[PDB]
>>> print(open('protein.csv').read())   # CSV, N, CA and C atoms
chain,number,residue,atom,x,y,z
A,22,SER,N,-66.0,11.8,3.9
A,22,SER,CA,-65.6,11.0,2.8
A,22,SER,C,-64.5,10.1,3.1
A,23,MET,N,-64.3,9.0,2.3
A,23,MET,CA,-63.2,8.1,2.6
A,23,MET,C,-61.9,8.8,2.2
A,24,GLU,N,-61.9,9.7,1.1
A,24,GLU,CA,-60.7,10.4,0.7
A,24,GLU,C,-60.1,11.3,1.9
A,25,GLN,N,-61.1,12.0,2.6
A,25,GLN,CA,-60.7,12.9,3.7
A,25,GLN,C,-60.1,12.1,4.8
A,26,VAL,N,-60.6,10.9,5.1
A,26,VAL,CA,-60.0,10.0,6.1
A,26,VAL,C,-58.6,9.5,5.8
A,27,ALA,N,-58.4,9.2,4.5
A,27,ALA,CA,-57.1,8.7,3.9
A,27,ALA,C,-56.1,9.8,4.0
A,28,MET,N,-56.5,11.0,3.7
A,28,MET,CA,-55.6,12.2,3.9
A,28,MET,C,-55.3,12.5,5.3
A,29,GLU,N,-56.3,12.4,6.2
A,29,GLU,CA,-56.1,12.5,7.6
A,29,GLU,C,-55.1,11.4,8.2
A,30,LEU,N,-55.2,10.2,7.6
A,30,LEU,CA,-54.3,9.1,8.0
A,30,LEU,C,-52.8,9.4,7.6
A,31,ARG,N,-52.6,10.0,6.4
A,31,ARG,CA,-51.3,10.5,5.8
A,31,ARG,C,-50.7,11.6,6.8
A,32,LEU,N,-51.6,12.5,7.1
A,32,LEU,CA,-51.1,13.6,8.1
A,32,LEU,C,-50.7,13.0,9.4
A,33,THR,N,-51.5,12.0,9.9
A,33,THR,CA,-51.2,11.4,11.1
A,33,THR,C,-49.9,10.6,11.0
A,34,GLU,N,-49.6,10.0,9.9
A,34,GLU,CA,-48.3,9.3,9.8
A,34,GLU,C,-47.2,10.3,9.6
A,35,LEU,N,-47.4,11.4,8.9
A,35,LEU,CA,-46.3,12.4,8.8
A,35,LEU,C,-46.0,13.0,10.2
A,36,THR,N,-47.1,13.2,11.0
A,36,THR,CA,-46.9,13.6,12.4
A,36,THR,C,-46.1,12.6,13.1
A,37,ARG,N,-46.3,11.3,12.9
A,37,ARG,CA,-45.5,10.3,13.6
A,37,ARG,C,-44.0,10.4,13.3
A,38,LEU,N,-43.8,10.6,12.0
A,38,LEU,CA,-42.4,10.7,11.5
A,38,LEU,C,-41.7,12.0,12.0
A,39,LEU,N,-42.4,13.1,11.9
A,39,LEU,CA,-41.9,14.4,12.5
A,39,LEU,C,-41.7,14.4,14.0
A,40,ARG,N,-42.5,13.7,14.8
A,40,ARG,CA,-42.2,13.5,16.2
A,40,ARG,C,-40.9,12.8,16.4
A,41,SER,N,-40.6,11.8,15.6
A,41,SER,CA,-39.3,11.0,15.8
A,41,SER,C,-38.1,12.0,15.3
A,42,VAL,N,-38.3,12.7,14.2
A,42,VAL,CA,-37.3,13.7,13.8
A,42,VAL,C,-37.1,14.7,14.9
A,43,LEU,N,-38.2,15.2,15.5
A,43,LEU,CA,-38.1,16.3,16.5
A,43,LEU,C,-37.3,15.8,17.7
A,44,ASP,N,-37.6,14.6,18.1
A,44,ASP,CA,-36.8,14.0,19.2
A,44,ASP,C,-35.3,13.9,18.9
A,45,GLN,N,-35.0,13.4,17.8
A,45,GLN,CA,-33.6,13.3,17.3
A,45,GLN,C,-32.9,14.6,17.3
A,46,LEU,N,-33.6,15.7,16.7
A,46,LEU,CA,-32.9,17.0,16.7
A,46,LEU,C,-32.8,17.6,18.1
A,47,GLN,N,-33.7,17.4,18.9
A,47,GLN,CA,-33.6,17.9,20.3
A,47,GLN,C,-32.5,17.2,21.1
A,48,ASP,N,-32.2,16.0,20.8
A,48,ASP,CA,-31.1,15.3,21.5
A,48,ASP,C,-29.7,15.9,21.1
A,49,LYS,N,-29.7,16.6,20.0
A,49,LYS,CA,-28.5,17.3,19.6
A,49,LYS,C,-28.3,18.7,20.3
A,50,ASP,N,-29.2,18.9,21.3
A,50,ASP,CA,-29.2,20.2,22.1
A,50,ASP,C,-29.2,19.7,23.6
A,51,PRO,N,-28.1,19.1,24.0
A,51,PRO,CA,-28.2,18.5,25.4
A,51,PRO,C,-28.2,19.6,26.4
A,52,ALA,N,-27.7,20.8,26.1
A,52,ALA,CA,-27.7,21.9,27.1
A,52,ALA,C,-29.1,22.5,27.2
A,53,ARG,N,-30.1,22.2,26.4
A,53,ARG,CA,-31.4,22.7,26.4
A,53,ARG,C,-31.5,24.2,26.2
A,54,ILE,N,-30.6,24.7,25.4
A,54,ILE,CA,-30.6,26.1,25.0
A,54,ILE,C,-31.8,26.5,24.2
A,55,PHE,N,-32.3,25.5,23.4
A,55,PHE,CA,-33.4,25.8,22.4
A,55,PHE,C,-34.7,25.2,22.8
A,56,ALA,N,-34.8,24.7,24.0
A,56,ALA,CA,-35.9,24.0,24.6
A,56,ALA,C,-37.2,24.8,24.7
A,57,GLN,N,-37.0,26.1,25.1
A,57,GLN,CA,-38.2,26.9,25.5
A,57,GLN,C,-38.0,28.3,24.7
A,58,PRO,N,-39.1,29.0,24.6
A,58,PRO,CA,-39.0,30.4,24.1
A,58,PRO,C,-38.1,31.2,24.8
A,59,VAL,N,-37.3,32.1,24.1
A,59,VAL,CA,-36.6,33.1,24.8
A,59,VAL,C,-37.6,34.0,25.7
A,60,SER,N,-37.2,34.1,26.9
A,60,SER,CA,-38.1,34.9,27.9
A,60,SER,C,-38.0,36.4,27.7
A,61,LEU,N,-39.2,37.0,27.5
A,61,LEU,CA,-39.3,38.5,27.3
A,61,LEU,C,-39.1,39.2,28.6
A,62,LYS,N,-39.4,38.4,29.7
A,62,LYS,CA,-39.0,39.0,31.0
A,62,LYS,C,-37.5,39.2,31.1
A,63,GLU,N,-36.7,38.1,30.7
A,63,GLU,CA,-35.2,38.2,30.8
A,63,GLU,C,-34.5,38.9,29.6
A,64,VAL,N,-35.1,39.0,28.4
A,64,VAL,CA,-34.6,39.6,27.3
A,64,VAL,C,-35.7,40.5,26.7
A,65,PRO,N,-35.9,41.7,27.4
A,65,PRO,CA,-37.1,42.5,27.1
A,65,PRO,C,-37.1,43.1,25.7
A,66,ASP,N,-36.0,43.3,25.1
A,66,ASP,CA,-35.8,43.9,23.7
A,66,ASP,C,-35.9,42.8,22.6
A,67,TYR,N,-36.1,41.5,23.0
A,67,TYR,CA,-35.9,40.4,22.0
A,67,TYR,C,-36.6,40.7,20.7
A,68,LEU,N,-37.9,41.1,20.8
A,68,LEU,CA,-38.7,41.2,19.6
A,68,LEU,C,-38.4,42.4,18.8
A,69,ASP,N,-37.6,43.3,19.2
A,69,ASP,CA,-37.1,44.3,18.4
A,69,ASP,C,-36.0,43.8,17.5
A,70,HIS,N,-35.4,42.6,17.8
A,70,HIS,CA,-34.3,42.0,17.1
A,70,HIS,C,-34.9,40.9,16.2
A,71,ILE,N,-35.7,40.0,16.8
A,71,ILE,CA,-36.1,38.8,16.2
A,71,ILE,C,-37.6,38.8,16.0
A,72,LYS,N,-38.0,38.8,14.7
A,72,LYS,CA,-39.4,39.0,14.4
A,72,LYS,C,-40.3,37.7,14.4
A,73,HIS,N,-39.6,36.5,14.3
A,73,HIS,CA,-40.3,35.3,14.4
A,73,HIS,C,-39.5,34.3,15.3
A,74,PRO,N,-39.7,34.5,16.6
A,74,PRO,CA,-39.1,33.6,17.6
A,74,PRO,C,-39.6,32.2,17.4
A,75,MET,N,-38.7,31.2,17.8
A,75,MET,CA,-39.1,29.8,17.6
A,75,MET,C,-38.2,29.1,18.7
A,76,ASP,N,-38.7,27.9,19.1
A,76,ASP,CA,-38.0,27.0,20.0
A,76,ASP,C,-38.7,25.6,19.9
A,77,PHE,N,-38.0,24.6,20.5
A,77,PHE,CA,-38.5,23.2,20.4
A,77,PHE,C,-39.9,23.0,21.1
A,78,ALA,N,-40.2,23.7,22.2
A,78,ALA,CA,-41.5,23.5,22.8
A,78,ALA,C,-42.6,24.0,21.9
A,79,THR,N,-42.4,25.2,21.3
A,79,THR,CA,-43.3,25.8,20.4
A,79,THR,C,-43.6,24.8,19.1
A,80,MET,N,-42.5,24.2,18.6
A,80,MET,CA,-42.6,23.2,17.5
A,80,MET,C,-43.4,22.0,18.0
A,81,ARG,N,-43.2,21.5,19.2
A,81,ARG,CA,-43.9,20.4,19.7
A,81,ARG,C,-45.4,20.7,19.8
A,82,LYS,N,-45.7,21.8,20.2
A,82,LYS,CA,-47.2,22.2,20.3
A,82,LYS,C,-47.8,22.2,18.9
A,83,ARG,N,-47.2,22.8,17.9
A,83,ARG,CA,-47.6,22.7,16.6
A,83,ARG,C,-47.7,21.3,16.0
A,84,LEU,N,-46.7,20.5,16.3
A,84,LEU,CA,-46.7,19.1,15.8
A,84,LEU,C,-47.9,18.3,16.3
A,85,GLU,N,-48.1,18.4,17.6
A,85,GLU,CA,-49.2,17.7,18.3
A,85,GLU,C,-50.6,18.1,17.9
A,86,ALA,N,-50.8,19.3,17.4
A,86,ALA,CA,-52.0,19.8,16.8
A,86,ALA,C,-52.0,19.4,15.3
A,87,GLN,N,-51.1,18.5,14.8
A,87,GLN,CA,-51.0,18.2,13.4
A,87,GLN,C,-50.9,19.4,12.5
A,88,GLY,N,-50.1,20.4,13.0
A,88,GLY,CA,-50.0,21.7,12.3
A,88,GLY,C,-48.9,21.8,11.2
A,89,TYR,N,-48.1,20.7,11.1
A,89,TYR,CA,-47.2,20.6,9.9
A,89,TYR,C,-47.7,19.8,8.8
A,90,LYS,N,-48.0,20.5,7.7
A,90,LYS,CA,-48.5,19.8,6.5
A,90,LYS,C,-47.5,19.0,5.7
A,91,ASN,N,-46.2,19.4,5.8
A,91,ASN,CA,-45.2,18.7,5.0
A,91,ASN,C,-43.8,19.0,5.8
A,92,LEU,N,-42.8,18.3,5.4
A,92,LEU,CA,-41.5,18.4,6.0
A,92,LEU,C,-40.9,19.8,5.8
A,93,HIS,N,-41.2,20.5,4.7
A,93,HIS,CA,-40.7,21.9,4.4
A,93,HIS,C,-41.1,22.8,5.5
A,94,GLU,N,-42.4,22.8,5.9
A,94,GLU,CA,-42.9,23.7,7.0
A,94,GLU,C,-42.1,23.4,8.4
A,95,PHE,N,-41.8,22.1,8.6
A,95,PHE,CA,-41.2,21.7,9.9
A,95,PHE,C,-39.7,22.2,9.8
A,96,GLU,N,-39.1,22.0,8.7
A,96,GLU,CA,-37.7,22.5,8.5
A,96,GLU,C,-37.6,24.1,8.6
A,97,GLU,N,-38.6,24.8,8.1
A,97,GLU,CA,-38.7,26.2,8.3
A,97,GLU,C,-38.6,26.7,9.8
A,98,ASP,N,-39.3,26.0,10.6
A,98,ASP,CA,-39.3,26.3,12.0
A,98,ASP,C,-38.0,25.9,12.6
A,99,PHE,N,-37.4,24.7,12.3
A,99,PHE,CA,-36.1,24.4,12.8
A,99,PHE,C,-35.0,25.4,12.4
A,100,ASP,N,-35.0,25.8,11.2
A,100,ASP,CA,-34.1,26.8,10.7
A,100,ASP,C,-34.3,28.2,11.5
A,101,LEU,N,-35.5,28.6,11.9
A,101,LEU,CA,-35.7,29.8,12.6
A,101,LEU,C,-35.0,29.7,14.0
A,102,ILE,N,-35.0,28.5,14.6
A,102,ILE,CA,-34.4,28.3,15.9
A,102,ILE,C,-32.9,28.7,15.7
A,103,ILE,N,-32.3,28.1,14.7
A,103,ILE,CA,-30.8,28.3,14.5
A,103,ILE,C,-30.5,29.7,14.1
A,104,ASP,N,-31.3,30.2,13.1
A,104,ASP,CA,-31.0,31.5,12.4
A,104,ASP,C,-31.2,32.6,13.3
A,105,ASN,N,-32.2,32.5,14.2
A,105,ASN,CA,-32.5,33.6,15.2
A,105,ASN,C,-31.4,33.7,16.1
A,106,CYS,N,-30.9,32.6,16.6
A,106,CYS,CA,-29.8,32.5,17.6
A,106,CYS,C,-28.5,33.1,17.0
A,107,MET,N,-28.2,32.8,15.8
A,107,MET,CA,-27.0,33.3,15.1
A,107,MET,C,-27.0,34.7,14.7
A,108,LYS,N,-28.2,35.4,14.8
A,108,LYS,CA,-28.3,36.8,14.6
A,108,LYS,C,-28.2,37.5,16.0
A,109,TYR,N,-29.0,37.1,17.0
A,109,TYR,CA,-29.0,37.8,18.3
A,109,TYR,C,-27.7,37.7,19.0
A,110,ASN,N,-27.1,36.5,19.0
A,110,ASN,CA,-25.9,36.3,19.7
A,110,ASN,C,-24.6,36.4,18.9
A,111,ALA,N,-23.6,36.9,19.4
A,111,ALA,CA,-22.3,37.0,18.7
A,111,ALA,C,-21.6,35.6,18.6
A,112,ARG,N,-20.7,35.5,17.6
A,112,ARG,CA,-19.9,34.3,17.3
A,112,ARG,C,-19.2,33.7,18.5
A,113,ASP,N,-18.7,34.5,19.4
A,113,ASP,CA,-17.9,34.0,20.6
A,113,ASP,C,-18.8,33.6,21.8
A,114,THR,N,-20.1,33.2,21.5
A,114,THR,CA,-20.9,32.9,22.6
A,114,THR,C,-21.3,31.5,22.7
A,115,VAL,N,-21.6,31.0,23.8
A,115,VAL,CA,-22.0,29.6,23.9
A,115,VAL,C,-23.3,29.4,23.1
A,116,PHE,N,-24.2,30.4,23.1
A,116,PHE,CA,-25.4,30.3,22.3
A,116,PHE,C,-25.2,30.1,20.9
A,117,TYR,N,-24.4,31.0,20.3
A,117,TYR,CA,-24.2,30.9,18.8
A,117,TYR,C,-23.5,29.5,18.5
A,118,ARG,N,-22.5,29.2,19.4
A,118,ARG,CA,-21.8,27.9,19.1
A,118,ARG,C,-22.7,26.7,19.2
A,119,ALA,N,-23.7,26.7,20.1
A,119,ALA,CA,-24.7,25.7,20.3
A,119,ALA,C,-25.6,25.5,19.0
A,120,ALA,N,-25.9,26.7,18.4
A,120,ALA,CA,-26.7,26.7,17.2
A,120,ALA,C,-25.9,26.1,16.0
A,121,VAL,N,-24.6,26.4,15.9
A,121,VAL,CA,-23.9,25.9,14.8
A,121,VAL,C,-23.8,24.4,14.9
A,122,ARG,N,-23.6,23.9,16.1
A,122,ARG,CA,-23.5,22.4,16.3
A,122,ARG,C,-24.9,21.7,16.1
A,123,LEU,N,-25.9,22.3,16.5
A,123,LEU,CA,-27.3,21.8,16.2
A,123,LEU,C,-27.6,21.8,14.7
A,124,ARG,N,-27.2,22.9,14.0
A,124,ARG,CA,-27.3,22.9,12.6
A,124,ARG,C,-26.6,21.8,11.9
A,125,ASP,N,-25.3,21.6,12.3
A,125,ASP,CA,-24.5,20.6,11.6
A,125,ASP,C,-24.9,19.2,11.9
A,126,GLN,N,-25.2,18.9,13.2
A,126,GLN,CA,-25.8,17.6,13.6
A,126,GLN,C,-27.2,17.3,13.1
A,127,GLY,N,-28.0,18.3,13.0
A,127,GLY,CA,-29.4,18.2,12.6
A,127,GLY,C,-29.5,17.9,11.1
A,128,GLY,N,-28.6,18.5,10.3
A,128,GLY,CA,-28.5,18.3,8.8
A,128,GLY,C,-28.5,16.8,8.4
A,129,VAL,N,-27.8,16.0,9.2
A,129,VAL,CA,-27.7,14.5,9.0
A,129,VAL,C,-29.1,13.9,9.1
A,130,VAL,N,-29.8,14.2,10.2
A,130,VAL,CA,-31.1,13.7,10.5
A,130,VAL,C,-32.1,14.1,9.5
A,131,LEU,N,-32.1,15.4,9.1
A,131,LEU,CA,-33.0,16.0,8.1
A,131,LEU,C,-32.8,15.4,6.7
A,132,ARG,N,-31.5,15.1,6.4
A,132,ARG,CA,-31.2,14.5,5.1
A,132,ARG,C,-32.0,13.2,4.9
A,133,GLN,N,-32.0,12.3,5.9
A,133,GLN,CA,-32.7,11.0,5.9
A,133,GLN,C,-34.2,11.2,6.0
A,134,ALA,N,-34.6,12.1,6.8
A,134,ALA,CA,-36.1,12.4,6.9
A,134,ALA,C,-36.7,12.8,5.6
A,135,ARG,N,-36.0,13.5,4.8
A,135,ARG,CA,-36.4,13.9,3.4
A,135,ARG,C,-36.6,12.7,2.5
A,136,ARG,N,-35.5,11.8,2.5
A,136,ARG,CA,-35.6,10.6,1.8
A,136,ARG,C,-36.8,9.7,2.2
A,137,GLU,N,-37.0,9.6,3.6
A,137,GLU,CA,-38.2,8.9,4.1
A,137,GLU,C,-39.6,9.4,3.8
A,138,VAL,N,-39.7,10.7,3.8
A,138,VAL,CA,-40.9,11.4,3.3
A,138,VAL,C,-41.2,11.1,1.9
A,139,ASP,N,-40.3,11.4,1.0
A,139,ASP,CA,-40.4,11.0,-0.5
A,139,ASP,C,-40.7,9.5,-0.7
A,140,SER,N,-39.8,8.7,-0.1
A,140,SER,CA,-40.0,7.2,-0.2
A,140,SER,C,-41.4,6.7,0.2
A,141,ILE,N,-41.7,6.8,1.5
A,141,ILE,CA,-43.1,6.4,2.0
A,141,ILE,C,-44.2,7.2,1.4
A,142,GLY,N,-44.0,8.4,0.8
A,142,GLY,CA,-45.0,9.3,0.2
A,142,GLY,C,-45.6,10.1,1.3
>>> encode(input="protein.csv", output="structure tokens")
Amino acid sequence: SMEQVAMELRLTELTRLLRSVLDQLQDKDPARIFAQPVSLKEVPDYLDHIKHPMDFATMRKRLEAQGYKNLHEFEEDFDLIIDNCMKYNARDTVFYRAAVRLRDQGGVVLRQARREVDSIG
């Protein structure tokens, strides 16, 4: 149908905007702490602690499959990155501190992305 195509074009455009958002958030992680999944070889007990692991590579795979239907789903995954790190790692660690900085810097980006999503529709 033509409606299905129009909906597919909307999803494609949302994907384009989320790619730009993802790039901007990932630049706020210049140490690449959140770039890849936590290694179960190196942290064998990780899944005893963290039930839904997340990282930027995993988000990018989902994004490129057009697997985010709306900005709320994308934000949920971003928040997992932060929130998982702040639970597993103590306050005095470079990891926890990196997460706090990512959260604070990413908030700005996400605030305008929400306005852009509502605005463009």
>>> residues_around(input="protein.csv", residues="stretch 96-102 of chain A", least_positions_apart="4", cutoff="9 Å", atoms="only C-alpha atoms", output="JSON, numbers by chain")
{"A": [46, 55, 73, 74, 75, 76, 77, 80, 92, 106, 107, 120, 124, 131]}
>>> select_by_dssp(input="protein.csv", residues="chain A", states="helix (DSSP H, G or I)", output="PyMOL selection string")
chain A and resi 23-48+67-70+77-85+92-109+115-141
>>> closest_residue(input="protein.csv", among="A:113, A:84, A:108, A:52", to="residue A:37", atoms="all atoms listed in the file")
A:84
>>> residues_around(input="protein.csv", residues="residue A:139", least_positions_apart="3", cutoff="12 Å", atoms="only C-alpha atoms", output="ChimeraX atom specification")
/A:35,91-93,132-136,142
>>> atom_distance(input="protein.csv", atom1="atom N of residue A:57", atom2="atom N of residue A:138")
26.4 Å
>>> atom_distance(input="protein.csv", atom1="atom N of residue A:69", atom2="atom CA of residue A:110")
13.6 Å
>>> atom_distance(input="protein.csv", atom1="atom N of residue A:53", atom2="atom N of residue A:87")
24.3 Å
>>> closest_residue(input="protein.csv", among="A:90, A:49, A:62, A:72", to="residue A:36", atoms="all atoms listed in the file")
A:90
>>> build_atoms(input="protein.csv", residues="stretch 96-111 of chain A", atoms="N, CA, C and O atoms", output="PDB file, in the coordinates of the input")
ATOM      1  N   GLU A  96     -39.100  22.000   8.700  1.00  0.00           N
ATOM      2  CA  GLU A  96     -37.700  22.500   8.500  1.00  0.00           C
ATOM      3  C   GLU A  96     -37.600  24.100   8.600  1.00  0.00           C
ATOM      4  O   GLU A  96     -36.606  24.554   9.150  1.00  0.00           O
ATOM      5  N   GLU A  97     -38.600  24.800   8.100  1.00  0.00           N
ATOM      6  CA  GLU A  97     -38.700  26.200   8.300  1.00  0.00           C
ATOM      7  C   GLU A  97     -38.600  26.700   9.800  1.00  0.00           C
ATOM      8  O   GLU A  97     -37.779  27.571  10.091  1.00  0.00           O
ATOM      9  N   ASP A  98     -39.300  26.000  10.600  1.00  0.00           N
ATOM     10  CA  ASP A  98     -39.300  26.300  12.000  1.00  0.00           C
ATOM     11  C   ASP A  98     -38.000  25.900  12.600  1.00  0.00           C
ATOM     12  O   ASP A  98     -37.468  26.614  13.502  1.00  0.00           O
ATOM     13  N   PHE A  99     -37.400  24.700  12.300  1.00  0.00           N
ATOM     14  CA  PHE A  99     -36.100  24.400  12.800  1.00  0.00           C
ATOM     15  C   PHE A  99     -35.000  25.400  12.400  1.00  0.00           C
ATOM     16  O   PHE A  99     -34.228  25.885  13.264  1.00  0.00           O
ATOM     17  N   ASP A 100     -35.000  25.800  11.200  1.00  0.00           N
ATOM     18  CA  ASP A 100     -34.100  26.800  10.700  1.00  0.00           C
ATOM     19  C   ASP A 100     -34.300  28.200  11.500  1.00  0.00           C
ATOM     20  O   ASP A 100     -33.248  28.806  11.675  1.00  0.00           O
ATOM     21  N   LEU A 101     -35.500  28.600  11.900  1.00  0.00           N
ATOM     22  CA  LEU A 101     -35.700  29.800  12.600  1.00  0.00           C
ATOM     23  C   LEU A 101     -35.000  29.700  14.000  1.00  0.00           C
ATOM     24  O   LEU A 101     -34.434  30.656  14.437  1.00  0.00           O
ATOM     25  N   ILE A 102     -35.000  28.500  14.600  1.00  0.00           N
ATOM     26  CA  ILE A 102     -34.400  28.300  15.900  1.00  0.00           C
ATOM     27  C   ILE A 102     -32.900  28.700  15.700  1.00  0.00           C
ATOM     28  O   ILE A 102     -32.361  29.526  16.544  1.00  0.00           O
ATOM     29  N   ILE A 103     -32.300  28.100  14.700  1.00  0.00           N
ATOM     30  CA  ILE A 103     -30.800  28.300  14.500  1.00  0.00           C
ATOM     31  C   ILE A 103     -30.500  29.700  14.100  1.00  0.00           C
ATOM     32  O   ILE A 103     -29.567  30.421  14.573  1.00  0.00           O
ATOM     33  N   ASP A 104     -31.300  30.200  13.100  1.00  0.00           N
ATOM     34  CA  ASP A 104     -31.000  31.500  12.400  1.00  0.00           C
ATOM     35  C   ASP A 104     -31.200  32.600  13.300  1.00  0.00           C
ATOM     36  O   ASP A 104     -30.448  33.598  13.336  1.00  0.00           O
ATOM     37  N   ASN A 105     -32.200  32.500  14.200  1.00  0.00           N
ATOM     38  CA  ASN A 105     -32.500  33.600  15.200  1.00  0.00           C
ATOM     39  C   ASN A 105     -31.400  33.700  16.100  1.00  0.00           C
ATOM     40  O   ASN A 105     -30.885  34.814  16.425  1.00  0.00           O
ATOM     41  N   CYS A 106     -30.900  32.600  16.600  1.00  0.00           N
ATOM     42  CA  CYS A 106     -29.800  32.500  17.600  1.00  0.00           C
ATOM     43  C   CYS A 106     -28.500  33.100  17.000  1.00  0.00           C
ATOM     44  O   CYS A 106     -27.751  33.819  17.721  1.00  0.00           O
ATOM     45  N   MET A 107     -28.200  32.800  15.800  1.00  0.00           N
ATOM     46  CA  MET A 107     -27.000  33.300  15.100  1.00  0.00           C
ATOM     47  C   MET A 107     -27.000  34.700  14.700  1.00  0.00           C
ATOM     48  O   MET A 107     -25.952  35.334  14.462  1.00  0.00           O
ATOM     49  N   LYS A 108     -28.200  35.400  14.800  1.00  0.00           N
ATOM     50  CA  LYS A 108     -28.300  36.800  14.600  1.00  0.00           C
ATOM     51  C   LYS A 108     -28.200  37.500  16.000  1.00  0.00           C
ATOM     52  O   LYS A 108     -27.398  38.459  16.081  1.00  0.00           O
ATOM     53  N   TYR A 109     -29.000  37.100  17.000  1.00  0.00           N
ATOM     54  CA  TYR A 109     -29.000  37.800  18.300  1.00  0.00           C
ATOM     55  C   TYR A 109     -27.700  37.700  19.000  1.00  0.00           C
ATOM     56  O   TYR A 109     -27.263  38.650  19.577  1.00  0.00           O
ATOM     57  N   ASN A 110     -27.100  36.500  19.000  1.00  0.00           N
ATOM     58  CA  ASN A 110     -25.900  36.300  19.700  1.00  0.00           C
ATOM     59  C   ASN A 110     -24.600  36.400  18.900  1.00  0.00           C
ATOM     60  O   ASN A 110     -24.602  35.942  17.659  1.00  0.00           O
ATOM     61  N   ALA A 111     -23.600  36.900  19.400  1.00  0.00           N
ATOM     62  CA  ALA A 111     -22.300  37.000  18.700  1.00  0.00           C
ATOM     63  C   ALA A 111     -21.600  35.600  18.600  1.00  0.00           C
ATOM     64  O   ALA A 111     -21.861  34.661  19.277  1.00  0.00           O
TER      65      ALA A 111
END
